[PDB]
Amino acid sequence: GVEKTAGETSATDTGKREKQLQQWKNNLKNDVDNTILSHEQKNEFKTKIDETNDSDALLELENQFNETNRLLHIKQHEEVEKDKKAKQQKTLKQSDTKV
């Protein structure tokens, strides 16, 4: 059928679906703000979530911030253990008997 039609290709649709998207966008930006993402990363995801009408790319943004947050919980845990169990460094004796 049609392709990338060079002209005045103006979509009169997406205005109704946007209402449904807005509630979903609020949900995603809430989770993004509740997660341990950096100040820049929170704003970074929120911007995309608002600008994206593409439901598939919104599903991708979920996969992205949940991944970023997961990577953060793993990285930051090791950095917490670094200070919390810094017994081979100038630190108090938090002798955390745990692995």
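This text follows the structure it describes.
For the coordinates displayed, the defined rule picks out 8 salt bridges. With its nearest N and O atoms 3.0 Å apart, the salt bridge here joins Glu67 to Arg70. Of this pair, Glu67 and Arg70 both sit in helix 3 (residues 55–84), 3 residues apart, roughly one helical turn. One salt bridge in this structure joins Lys75 and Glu79, with 3.0 Å as the shortest N-O distance. With a gap of 4 residues between them, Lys75 and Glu79 both fall in helix 3, about one helical turn apart. Three or more residues joined by partner-sharing salt bridges are found here, namely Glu81, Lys84 and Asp96.

Cut-offs and rules
- Residues numbered from 1 in each chain as written, not as in the entry; some residues may be left out.
- Heavy atoms only, no water.
- Salt bridge = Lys/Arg side-chain N within 4 Å of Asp/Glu carboxyl O.
- Helix = DSSP H or I, 4+ residues; strand = E, 2+ residues; numbered from the N terminus.

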